[PDB]
Amino acid sequence: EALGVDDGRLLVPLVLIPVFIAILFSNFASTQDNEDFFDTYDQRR
Amino acid sequence: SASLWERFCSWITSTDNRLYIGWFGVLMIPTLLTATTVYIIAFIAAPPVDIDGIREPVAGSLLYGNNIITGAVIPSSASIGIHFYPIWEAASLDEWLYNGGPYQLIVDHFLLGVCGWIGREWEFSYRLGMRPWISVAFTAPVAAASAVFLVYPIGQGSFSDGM
Amino acid sequence: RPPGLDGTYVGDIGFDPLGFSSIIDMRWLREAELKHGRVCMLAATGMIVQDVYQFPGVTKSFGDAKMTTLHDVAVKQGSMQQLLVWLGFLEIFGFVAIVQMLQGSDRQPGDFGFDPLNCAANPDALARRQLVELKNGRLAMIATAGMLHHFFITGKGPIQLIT
Amino acid sequence: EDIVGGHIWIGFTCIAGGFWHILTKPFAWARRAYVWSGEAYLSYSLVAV
Amino acid sequence: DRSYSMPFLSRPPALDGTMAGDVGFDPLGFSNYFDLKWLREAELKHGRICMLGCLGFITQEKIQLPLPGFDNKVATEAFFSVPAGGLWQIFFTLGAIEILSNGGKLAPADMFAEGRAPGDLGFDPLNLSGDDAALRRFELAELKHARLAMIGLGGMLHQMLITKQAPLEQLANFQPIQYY
Amino acid sequence: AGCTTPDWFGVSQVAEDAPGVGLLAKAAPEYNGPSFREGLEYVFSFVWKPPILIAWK
Amino acid sequence: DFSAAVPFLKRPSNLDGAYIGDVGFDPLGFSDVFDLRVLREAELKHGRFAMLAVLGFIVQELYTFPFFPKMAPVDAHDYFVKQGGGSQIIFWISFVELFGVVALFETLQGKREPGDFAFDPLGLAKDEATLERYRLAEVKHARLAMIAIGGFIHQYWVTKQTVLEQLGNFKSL
Amino acid sequence: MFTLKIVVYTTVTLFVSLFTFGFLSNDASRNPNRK
Ligand code: CLA
Ligand code: CLA
Ligand code: KC2
Ligand code: KC2
Ligand SMILES: CC1=C(C#C/C(C)=C/C=C/C(C)=C/C=C/C=C(C)/C=C/C=C(\C)C#CC2=C(C)C[C@@H](O)CC2(C)C)C(C)(C)C[C@H](O)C1
Ligand SMILES: CC1=C(C#C/C(C)=C/C=C/C(C)=C/C=C/C=C(C)/C=C/C=C(C)/C=C/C2=C(C)CCCC2(C)C)C(C)(C)C[C@H](O)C1
Ligand SMILES: CC1=CCCC(C)(C)[C@H]1/C=C/C(C)=C/C=C/C(C)=C/C=C/C=C(C)/C=C/C=C(C)/C=C/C1=C(C)CCCC1(C)C
Ligand SMILES: CC1=CCCC(C)(C)[C@H]1/C=C/C(C)=C/C=C/C(C)=C/C=C/C=C(C)/C=C/C=C(C)/C=C/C1=C(C)CCCC1(C)C
Ligand SMILES: [Mn+2]
C-alpha cells in the first residue's frame with residue numbers, strides 16, 4: 001500500500017532522488033536574494 | 001549561469017530550442033513519447049485482448065488480421081475493471097497483454113501528456129509575453145478525450161467501456 | 001644524550017634509543033612509568049602471594065586456580081568487576097590530576113600525596129626513595145612479565161618453578 | 001470511526017495551521033514561487049475547489 | 001621540497017603545514033584540482049560517521065534496545081531487522097541536522113562562502129578549543145581517529161558480510177573464510 | 001559561567017612539534033584554482049588517460 | 001670505437017658514465033629511441049622482481065608454510081590463481097604500482113632518480129662511496145637474477161624438476 | 001517485475017522532482033518584461 005510501495009526498496013528512489021535534486025536546488029536558493037520585496041512576483045533572479 | 005541548477009532551468013525554459021520544452025514539457029515529453037511508442041508497438045503486433053472477460057479475445061493488431069481501419073488497441077479486460085493494471089501488477093507479460101494492459105498504459109500516459117501540453121502552451125505563452133488563454137481553448141479536446149477515455153470508464157466501472 | 005631528556009627527572013641515565021621523549025611530554029611519560037611500576041609491584045607481590053595463602057574461602061569458590069585461569073574464573077565470579085569499577089573510580093581523579101599537571105600546577109608526576117606515615121619529612125630521604133621506587137618498579141615490570149610468560153609456557157606459578 | 005477520527009485530525013490540524021499562518025510569514029521558497037495578488041489567490045482556491 | 005610521507009614524490013603544491021593532519025600524503029593531485037576546505041570537510045564528515053559507526057558496531061553487539069526487531073547481534077542484518085520507518089526517521093533527522101548546520105549552503109561553491117572553517121559546525125559544549133596548541137593537537141587526534149575509524153568500519157562491515165558474525169563475536173572462534 | 005576560566009583549556013600529551021600538527025588551527029586556504037567540473041574531469045582522466053604510457057616516448 | 005665493453009662498437013651517444021653499471025653495452029638502438037631514465041627505472045623494477053622471484057624459488061622449494069599444499073613454484077602460481085591468494089598479491093602489487101606510476105611521472109619531470117624510492121629503513125649505504133658500491137652490486141645482482149629466474153622457470157618447464165632437485169641427480173636431456 | 005517497477009518509480013520520481021523544483025525556481029521572473 002502507501003504510495004504503491006509494497007517493497008521497502010521502492011522508498012529509495014522516492015526519497016534520495018527528491019533530496020538530491022533539492023540539494024541542487026539549494027545551490028540555486030542560496031544564490032537568490034531572499035528578502036521581502038512587496039510585489040506580485042519577485043523579479044530578482 | 002549562477003549555479004548548475006540555474007543553468008538547467010535556463011536551458012529548460014529557453015526560447016532558443018527548436019521545440020520549447022519548459023517544466024510542463026519535462027512531464028509531457030516522456031509520457032507522450034512512451035504512449036506513442038507503446039501505441040505503435042501495440043497497433044503493429046499486440047496479441048488479441050479478452051475485452052469482455054469471458055475468454056473470447058478480440059484482435060485489433062495488424063499482424064493478427066487487421067487493416068488500418070479495423071486496427072485498434074483493445075480496451076482493458078472487463079475482469080480488470082478500473083483497477084490499476086501496470087506491467088508489474090500482472091503475473092506475466094503474456095497475462096498483461098491478454099488483459100488489455102497496454103490500453104491503460106497508453107491512456108494514462110496520453111492524459112498526462114495532454115495535461116502537460118495544456119501547461120506547456122501556457123508556459124510558452126508566458127515566455128513569449130503573449131496572452132495565456134490558448135490553453136483554455138485547448139482544454140475542450142482534452143476534456144473530450146478524458147471523458148471518452150477516463151471519465152466514462154470510471155462511471156461505468158470498467159476500462160472496457162472506454163473508447 | 002637523547003634530545004628532550006634533561007637531568008631534572010630522577011632515575012635519568014640518558015637511556016632513550018627511541019625518541020619517545022621527543023614526541024610525548026615527559027610529565028606524561030613519567031606519570032605512566034610510575035603508574036606502571038606501582039601496578040607491577042602490586043601485581044608481582046600478588047602473584048607470589050597467591051601461590052601460598054589463597055585466603056580462607058577462595059579455595060572452595062575458585063577451586064585451585066592460577067594466574068590467567070584465576071583472572072578467567074574471577075571475571076565470572078565478580079571480584080574483577082568490583083576491582084575494575086573501584087580502580088576506575090580512583091583513576092577518574094587520577095585523570096583529573098594528570099590534566100591539572102599538564103595544565104600547569106604545583107603537582108609533579110606520581111605525586112598523589114599518599115604519605116600517611118610522613119616518610120617524606122627528610123628531603124634527601126625522599127630523593128633517594130624516588131629512585132628506589134623507580135628501580136624497584138622497573139624490576140617489578142620485568143618480573144611480572146617473566147612470571148606471566150613462564151605461566152604461559154608451563155602453567156605454573158612463580159613458586160612452582162622454585163619449589 | 002475512521003470518519004470521526006479523520007475529522008478530529010483535520011480539525012486539530014486546521015487549528016494548528018491557522019495559528020501557524022497567523023504567527024508566521026511565508027518562507028523564501030514560498031515567496032519566490034507564488035504570485036501575490038487577489039486573482040492568483042482566487043485561482044488557487046478555484047483549483048482547490 | 002619532499003613530501004616526508006612518500007619521500008620519493010615531492011611535497012604537493014597545495015599541502016602546506018598550515019592544515020592539521022598534513023604529512024604531505026597526496027600522491028594523486030586531488031588538492032590541486034579540488035578545494036582543500038571541501039576535501040577536509042568531507043574527510044571529517046566521513047571519519048566522524050565512521051567513529052560513530054564503529055562505536056555502534058561494538059555497542060549493538062554488546063547492548064540492544066528492548067524494542068521488537070532490535071535484537072540482532074549482526075549489525076548488517078540489524079539494518080534489515082529494524083523497521084524501515086525508523087531508519088527513514090533517522091535519515092530525515094540527519095538531513096535536517098545537515099541542512100541546519102550548513103544553513104542551506106550544501107554546495108562547494110557556497111558552503112565556505114561565509115568561512116565557517118572546514119569541519120567546524122559549531123559543536124563545542126566544552127570550551128576545549130581555547131588553547132591554540134591544544135586545539136591543533138586535538139585536530140590531529142580527530143583526523144587520525146577519523147581515518148582509523150574509516151578503515152576499521154570498512155573492515156568490520158566486510159567481515160560481517162562474509163562471516164555473518166559480529167566483530168568481537170568473530171574474534172572468538174575465528175573460523176577462516178573457506179569454512180563459510 | 002561558560003568554561004571562561006584561564007586554567008580551563010584542553011591538554012594533549014603529544015608534543016606540539018609532532019608530524020601532522022598544523023601550523024595554524026582551522027586553516028581555510030583560498031583555493032584560486034580549477035573548478036569542480038575540471039576536478040571531476042581530472043578524476044575521469046585518471047581512468048581513461050593515465051600517465052602510464054607517456055613514459056615510453 | 002671506445003664502448004669500453006665491446007671494443008669495436010663505440011660508446012653510445014647518451015651512455016655517459018653518469019649511471020651506475022654503464023659500461024657502454026647498448027649494441028641495438030634503445031637508449032637513442034627511449035628515455036634513459038625510464039629505461040633505468042624499468043631495468044631496476046625488472047631486476048628487483050627477478051631477485052625476489054629467485055629468492056622465492058629457492059625458499060618455497062626449501063620450505064613451504066604449515067599451510068598451503070606442497071607444490072612446485074609454477075604449480076603454486078596456478079593453485080593460487082584458482083585459490084585467491086594470487087589475487088591478493090596482484091591487488092597489493094597493483095596498489096604499490098599505483099604510486100609507482102606517480103613516481104615514474106616525477107622521474108619524467110625530474111626531481112627523482114630512476115628507481116629511487118628512498119626506501120632504506122636499516123640506514124645502510126652511509127656516505128656516497130658505500131652508496132655507489134651498493135648501487136653497482138644492486139644493478140649486477142638485478143641483471144644476474146633477471147637471467148636466473150628465466151633459467152629456473154624454463155628448466156622446470158623442460159625437465160619437470162625444481163632447481164635444487166635438479167642440481168643433484170641432474171638427469172641430462 | 002520488481003526491477004521494472006523500481007526503474008519506473010525512479011524515472012517518474014526524477015521527472016516529477018525536476019518539474020516541482022523547476023516551477024519553484026522563481027518561474028514568474030522568467031518573462032520578457034522582467035528587469
Ligand atoms: C486552506 C488551507 C491552507 C492554505 C491555503 C495554506 C497556504 C500556505 N501554506 Mg499552510 N498549512 C495549512 C493550511 C493551509 N496553508 C495547514 C492545515 C497546515 C498544518 C499542517 C499548514 C502548515 C504549513 C507549513 C508548516 C508551511 C505552510 C506553508 C504555506 C504556503 C505554501 C504552501 C505550499 O507551497 O504548499 C506546498 C505543498 C506541498 C509540498 C504538497 C504536500 C502534500 C502532502 C504531502 C500531502 C499529499 C496528499 C496527497 C497524496 C496529494 C494531494 C491530493 C489532493 C487531491 C488532496 C502557503 C501560503 C509554508 C510557508 O511558506 O509558510 C510559512 C510552510 O512552511 N503551511
Ligand atoms: C536529507 C538528507 C541529506 C542531505 C540533504 C544531506 C546533505 C549533504 N550531505 Mg549528507 N548524509 C546524510 C543525509 C543528508 N545529507 C546521511 C543520513 C548520511 C549518513 C550518516 C550522510 C552522509 C554524508 C557524507 C559522508 C557526506 C555528506 C555530505 C553532504 C553535503 C554535500 C552533498 C553532496 O553534494 O552530495 C551529493 C551526493 C553525491 C556526491 C554522491 C555520493 C558520492 C559517492 C557515494 C562516492 C563514492 C566513492 C567511491 C565508493 C570510492 C571509489 C572506490 C574506488 C575503488 C574507485 C550536503 C550538506 C558530504 C559533504 O559534506 O562533503 C563536504 C560528505 O562527505 N553526507
Ligand atoms: C533520532 C531520530 C528520531 C527522531 C528525531 C524521532 C522523532 C519522533 C517524533 C518527533 C518528536 C515522533 C512523534 C516519533 C514517533 C515514533 N517514532 Mg521516532 N524519532 C526518531 C528515530 C526512530 C526510530 C529509529 C524508530 C522510531 C519509531 C517511532 C514510532 C513507532 C511506530 C509504531 O508504534 O510502530 C513512533 C510513533 C520506531 C518506528 O517507527 O517503527 C515502526 C522506530 O524504529 N523513531 N519519533
Ligand atoms: C577480608 C579477608 C577475606 C578476603 C579478601 C576474602 C576473599 C574471598 C573471595 C575473593 C576472591 C571469595 C570468592 C571468598 C569466598 C568465601 N569466603 Mg572469603 N575472603 C576473606 C575472609 C573470609 C572469612 C573471615 C570467611 C570467608 C568465608 C568465605 C566463604 C564461605 C562459604 C564457603 O566456605 O563455601 C566463601 C565462598 C567464610 C568461610 O566459611 O570460610 C571457610 C568465612 O568465615 N572469607 N572470599
Ligand atoms: C567534539 C566534542 C565532544 C565529543 C565527542 C565524541 C563523541 C568522541 C567520540 C569518539 C569516538 C567514538 C571515536 C571512535 C573511534 C572508533 C574507532 C577509531 C574504531 C576503530 C576500529 C578499528 C581500528 C578496528 C577494527 C577491527 C577490525 C577492522 C576487524 C576485527 O577482526 C578486529 C577489529 C575489531 C580490531 C565533546 C562533547 C566531548 C566535548 C566537545 O566540546 C565537543
Ligand atoms: C607464462 C607462465 C608463467 C610465467 C613466466 C615468466 C617469468 C617467464 C619469464 C621468462 C624469462 C625471464 C626468460 C629470460 C630469458 C633471458 C635470456 C634468454 C637472456 C640471457 C642472457 C644472455 C643471453 C647474456 C648474453 C651476454 C653474455 C654474458 C656475453 C655476451 C654479451 C651478453 C649479450 C651480455 C607462470 C610461470 C607464471 C605460470 C603460468 O601458467 C604461465
Ligand atoms: C511547491 C510547488 C511545487 C511546484 C509548483 C508550485 C505551484 C510552485 C507549488 C505547488 C504547490 C501545490 C500544488 C500544493 C498543493 C498541495 C496539496 C493539494 C496538498 C493536499 C493536502 C491534502 C491532505 C493532506 C488531505 C488530508 C485529508 C485527510 C487527513 C482526510 C481524512 C478523512 C476524513 C476527514 C474523513 C474520513 C476519511 C479520511 C480519509 C480519514
Ligand atoms: C551492505 C550493507 C550492510 C548493511 C546495510 C547497508 C547500510 C545498506 C549496507 C552498508 C553499506 C556501507 C556503509 C558500506 C561501506 C563500506 C566501506 C566503508 C568500505 C571501505 C573500505 C575501506 C578501505 C578499502 C580502506 C582501506 C585502507 C587501506 C588500503 C590503507 C592503506 C594504507 C595507506 C594508504 C597508508 C599507508 C599504509 C597503508 C596501510 C598501506
Ligand atoms: Mn457499460
Side-chain angles (χ1 to χ4, degrees), chain C residues 4 22-28 95 98-105, chain E residues 3-5 11-26 30-32 34-52 97-98 100-103 105 108 110-150, chain F residues 1-33:
Chain C
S22 60
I23 61 179
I24 298 172
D25 200 318
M26 257 299 304
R27 294 166 294 186
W28 179 277
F95 157 81
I98 295 176
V99 163
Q100 288 190 354
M101 170 192 58
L102 289 178
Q103 281 173 345
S105 296
Chain E
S3 174
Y4 168 77
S5 181
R11 198 193 94 266
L15 291 201
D16 293 70
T18 66
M19 292 177 72
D22 197 319
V23 303
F25 176 65
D26 198 23
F30 285 104
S31 61
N32 302 303
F34 289 98
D35 173 44
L36 245 190
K37 301 184 296 296
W38 177 263
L39 294 163
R40 176 50 52 88
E41 172 65 70
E43 183 178 39
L44 280 180
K45 192 165 300 178
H46 277 78
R48 290 161 183 173
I49 292 170
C50 287
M51 286 188 270
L52 290 182
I97 290 180
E98 286 228 68
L100 266 46
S101 303
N102 304 121
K105 298 172 283 291
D110 46 47
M111 174 174 290
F112 312 99
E114 310 192 341
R116 198 221 58 179
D120 179 23
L121 299 186
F123 170 65
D124 208 16
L126 304 170
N127 190 86
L128 303 179
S129 67
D131 190 11
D132 196 69
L135 179 52
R136 284 145 72 246
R137 288 177 290 187
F138 288 157
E139 285 182 353
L140 176 62
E142 184 183 45
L143 287 158
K144 289 190 175 184
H145 281 89
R147 300 153 182 177
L148 183 62
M150 285 189 270
Chain F
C3 313
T4 60
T5 302
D7 296 335
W8 187 280
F9 55 93
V11 310
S12 179
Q13 86 288 352
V14 195
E16 64 277 357
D17 72 323
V21 176
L23 277 192
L24 61 105
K26 301 175 182 178
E30 199 180 41
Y31 182 67
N32 50 279

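Every chain is numbered from 1 and lettered A, B, ... according to where its sequence line falls, protein lines coming before strand lines.
Counting heavy atoms from C-beta outward, F:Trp8 and E:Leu126 have side chains that approach closer than 4.5 Å. Side-chain contact between C:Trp28 and C:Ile98 is present, with at least one heavy-atom pair separated by less than 4.5 Å. Residues E:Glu41 and E:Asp120 form no side-chain contact, since every pair of their non-hydrogen atoms from C-beta on lies 4.5 Å or further apart. Side-chain contact check for E:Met150 versus E:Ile49: every heavy-atom pair is 4.5 Å or farther apart. For the pair F:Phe9/E:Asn127, no side-chain contact is recorded, criterion being any heavy-atom separation below 4.5 Å from C-beta on. Taking 4.5 Å as the limit, every side-chain heavy atom of E:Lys105 sits out of range of all side-chain heavy atoms of E:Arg116.
Distance CG/E:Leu140 to CG/E:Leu143: 6.5 Å, rounded to 0.5 Å. Separation of atoms CD (F:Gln13) and CE (C:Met26) is listed at 13.5 Å; rounding is to 0.5 Å.
Nearest approach of E:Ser31 to E:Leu39, heavy atoms of both residues: CA-CD1, 3.9 Å. Summarising the geometry of E:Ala149 relative to E:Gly47, their closest heavy-atom pair is CB-O, 4.2 Å, with the distance given to 0.1 Å.
Ion pair E:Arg136/E:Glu139 not flagged as a salt bridge, since none of the NZ, NE, NH1 or NH2 atoms sits closer than 4.0 Å to an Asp/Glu carboxylate oxygen.
Shown here are the salt bridge (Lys or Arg N to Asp or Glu O under 4.0 Å) partners of E:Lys37, two or more places apart in sequence or in another chain: E:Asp35.
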